[PDB]
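You are given structure tokens for the same protein chain in two forms, set apart as structure 1 and structure 2.
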Structure 1
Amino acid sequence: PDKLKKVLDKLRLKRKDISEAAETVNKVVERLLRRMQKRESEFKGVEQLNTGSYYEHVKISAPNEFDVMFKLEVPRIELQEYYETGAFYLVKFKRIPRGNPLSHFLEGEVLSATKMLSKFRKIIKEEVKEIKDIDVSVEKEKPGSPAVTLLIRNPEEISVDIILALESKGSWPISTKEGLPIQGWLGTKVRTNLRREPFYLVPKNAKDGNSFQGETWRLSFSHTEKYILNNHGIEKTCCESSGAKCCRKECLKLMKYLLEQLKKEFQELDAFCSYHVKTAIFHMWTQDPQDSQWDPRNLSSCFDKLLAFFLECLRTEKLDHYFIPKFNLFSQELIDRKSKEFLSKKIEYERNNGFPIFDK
């Protein structure tokens, strides 16, 4: 019984002390939604987007910290690329003959994330005021993040970041045309079906000056990423009861956990987040698509090749977004070369010493 298997045991046992906070969170948010869906507003159609809630699906956060996405269908979007990489978008509209319901959130031709979020925040504050069963308030707006974060004080303080996402049922942006390269792994029928589902727009400022600040959006495929994580095998029975299990998720978990415990010890690693890990392993799953290449009896070999792949992404400063191939998450504009070299030396140290970081 090696350290890797014991770390996995530790991770799922540590998720036991999350489930009670998670039940609190689910009933707060479904009450808040049901309230928002009864009230008359631009957000009456809001719904929770289910993006998975296990360790593999969630961002790295403290045990009492949660994230949920509120989707809002927005018809007849007209996207304009803000970056040639596909990293950001301005949201305009095609002709809407009966009137754009979001007309009043516009700034010029562009949907203002600032205007939309401000009312999004206001309505929630009012509906959260009217929930008595449970002590729920809303944290004061933070610089930077667009999140409307609930403070649940059922004895222990629990935080919930609510993310507003626009849902568009139009075709996927031109920047995704050659993305989602699953043809040799999940197949062409799956790829065709996934690209027929909606996509989502999350408000996010770019670090580039005053112009269009508060008016920029980034793409989100969290619904697709959940499907892939839960349908990850070449065989349809992979990890099912009449099938064989692989170590794909286990590798993702170990890698997320390695980064998280490195990040809590080195501010140098601030630019790195769990999404870089998920992106890297999406590519490894495309490069090594056979279930037998992720056999559970080869966990440490599979973990190590994932590490060697990540290391090579750092060394060549290239990690293509899995859905937007022009969008390099490891470009120098986004992460200094010195942060990659620092992370590389931290990983090689952990790799060649039995992962001491895993013993705390």
Structure 2
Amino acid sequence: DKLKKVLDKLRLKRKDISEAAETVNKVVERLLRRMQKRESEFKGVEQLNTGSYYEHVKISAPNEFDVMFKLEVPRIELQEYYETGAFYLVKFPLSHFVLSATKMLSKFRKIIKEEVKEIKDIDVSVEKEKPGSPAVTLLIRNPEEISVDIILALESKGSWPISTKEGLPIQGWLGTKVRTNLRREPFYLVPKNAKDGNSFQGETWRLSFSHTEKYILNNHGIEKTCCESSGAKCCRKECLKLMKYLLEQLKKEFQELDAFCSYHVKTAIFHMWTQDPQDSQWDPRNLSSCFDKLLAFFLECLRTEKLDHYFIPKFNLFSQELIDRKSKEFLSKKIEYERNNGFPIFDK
């Protein structure tokens, strides 16, 4: 009953959705026109909306949108970077850029920046570049703050890379036929934009499966009718919203959690949805225990420092390399607290 009340808070408002979407769509369509309405290196880029807002798991406000500008590029050879699973060198218009992610991202970025300068009807700027982000991030005020991540992606139509061969383990949940079809779709690569000082960092790209995650989010039941008008409701998305909320509220309070992101929560719940495939295990009457066993799953990842990429199982998002052991223990204490106290942080 508590959680019902929290989920009412987190719910987006129809007016808010309409006002933010109409302004976001204005800007994106404009950047999009430019990318081909010019002999630029990215003519033929197409738009693909991704992330929480388009998955309908955005919470609180419609203030963050993700758009992929995917560029179909033929006959490319991947090279796995030092067995990371998820990072690759790319080889063979674009010959102004081995295809360097740094080089291509910044011309891409230069074009956006120029169009934003010529937008006089919307208050929009380009956020200062962040290392680690494959994005160009727009900041819009109308007057509400909305940020848009414009993600550059290459699109390849061959077999998925070998490191994914054992990924996407939906066989007992969404099944083999959905899995085969999903793997017939293209796969995508985005810039790994670290500044860490390590080796081929500048030319590395990372795999993206945002398009596969979108289908899963909107086709998430074992029954075809799950969450449809002639089916039952499940509380799978509500659990994702609640667990996202918990991590958001925690990161607001604690700088020690800067190394965590929503994608960790998302990865965790894909694993939970695979471990517990039956729609009846996510009955809306069992929201509380569903949320709890999610919390317990998330804590078990922290405890064992193990949260494998749902699509690239050798890639540990919780390795010591990326997140310090101290950071995970901090987060375990705070979650264990919120859990055993009826979630005080949910009341603010």
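All residue numbers here refer to structure 1's sequence, counted from 1. Rigid core: the largest C-alpha set superposing within 1.5 Å between the two forms.
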- Pick from 128, 269, 202, 238: whose Cα moves by 2 Å or more between structure 1 and structure 2, rigid core superposed? 128
- Message: Does residue 16 move appreciably between structure 1 and structure 2, meaning a CA displacement of 2 Å or more on the superposed rigid core?
- Response: yes
- Item | residue 291 C-alpha shift between structure 1 and structure 2 of 2 Å or more, rigid core reference | no
- Message: Would residue 313 count as moving between structure 1 and structure 2, using a Cα shift of 2 angstroms or more after superposing the core as the test?
- Response: no
- Rigid-core-superposed Cα shift at residue 335 between structure 1 and structure 2, Å: 0.5
- Query: By how many angstrom is the Cα of residue 156 displaced between structure 1 and structure 2 when the rigid core is overlaid?
  - Reply: 5.1
- Item | Angstrom displacement of the CA atom of residue 119 between structure 1 and structure 2, core fixed | 2.0
